[PDB]
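There is one chain below, alone, in structure tokens, taken in the form deposited in one PDB entry.
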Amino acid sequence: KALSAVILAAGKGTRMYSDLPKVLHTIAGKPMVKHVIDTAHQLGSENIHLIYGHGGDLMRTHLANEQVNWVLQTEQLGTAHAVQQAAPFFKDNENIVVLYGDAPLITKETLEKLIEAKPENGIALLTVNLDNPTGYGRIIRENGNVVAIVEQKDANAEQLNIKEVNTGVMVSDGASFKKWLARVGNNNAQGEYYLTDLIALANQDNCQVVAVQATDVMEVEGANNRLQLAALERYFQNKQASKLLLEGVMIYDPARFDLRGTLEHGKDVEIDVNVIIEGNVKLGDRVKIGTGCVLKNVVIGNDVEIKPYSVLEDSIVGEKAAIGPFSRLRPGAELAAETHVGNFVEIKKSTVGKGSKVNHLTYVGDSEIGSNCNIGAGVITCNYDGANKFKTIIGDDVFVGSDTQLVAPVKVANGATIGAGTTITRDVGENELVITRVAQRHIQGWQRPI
């Protein structure tokens, strides 16, 4: 049967001390609530009812493309009241899973188990065992059935020893939610309608409440401040790193590795310490990434070595290429197979053909460079003062001497040779040699001021 989700995401997150609302703070570069939205979608949720409130304007702007139902909460009256704002949109015959926008690490797998355990017209409740359950709602079972959730201040000495606690995550059908939520009262010290009461109400109607235990407590932990968020970040990164290690990615130190997006990898990929992978990154076979590198939205072909302290974004690198150390590829850099980009080199929105080398102290922007070119040290592509940024076209088999200024728009045809210290403003023809004629003054017997 069908499934929909309700995600609670209205909290201010005061102890974040931020202008952002609580759930927009990120884990692995992705807002906490977006983790939960994605998980809900992976589960095959038909609708996703997002209960929002504080920072509502920023929620709308940051999540504008999410396929969610925008249910605004104007007052905090507990979890049952929040969920009831979404309940008119529940289908009687679909399951509803309740989730929390500030508890981002809940997994599809745990939720599949939970959903499978839900007995007809009953509830599946997610629980977890804690060594010190102090302050959490104790799960009371009679026989092997869950009958109630007893809060810390209500529990007796025998109940306080119960290690199994309530996580707040539960599954029931829509009809049962609409029915039971209407029977929830708020006659308590907080004056709030509590979702925990659905466990009692279910048993009241001779409906079964089954418990499923979470794999890791971190799946159900919420982040109330940046310290707690950092702990979730580290647990998540370790989990990501472990998965990649077991798939055969050699990550030299998984405690010094960060993935903030998605990584597709070949075999025998080696990643040294302090690498950051962002957005969508694809690495071919036998790719070696040196220490300190940052790759954001890149495709790296087989057998490429990226040496230390290289920063790449929105770029493509062909097989057997060599990048770094201290290389900068900015958006639109496309390096063909067997290319060489060296230290203190910046490539922006340019194509560099097979076998070409750009090895020192160079800026190439808005350029097309052909195959087997030699781009000498200190070469700079530049523009005239004025408007837009025009293109430099360099053909195949061109030698560009060190410190050459290539002033766009300009074309250098196949097989040209440009001497060092040249300023190229006019097009260079095929097999044309251009060398700068220098005027120098020579003074003999000049004694230095030393």
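Numbering starts at 1 and runs along the sequence shown. We call the rigid core whatever largest set of C-alpha positions still superposes within 1.5 Å between the two forms.
Omitted here: the form deposited in another entry. The next part is about that form.
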| property | result |
| --- | --- |
| Residue showing a 2 Å-or-more C-alpha displacement between this form and the one not shown once the rigid core is overlaid, selected from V364, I300, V128, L312 | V128 |
| Rigid-core frame, C-alpha of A189, shift of 2 angstroms or more between this form and the one not shown | yes |
| Exceeds or equals 2 Å, Cα of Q237 between this form and the one not shown, core fit | no |
| Displaced residue check between this form and the one not shown: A117, CA, 2 Å or over, core reference | yes |
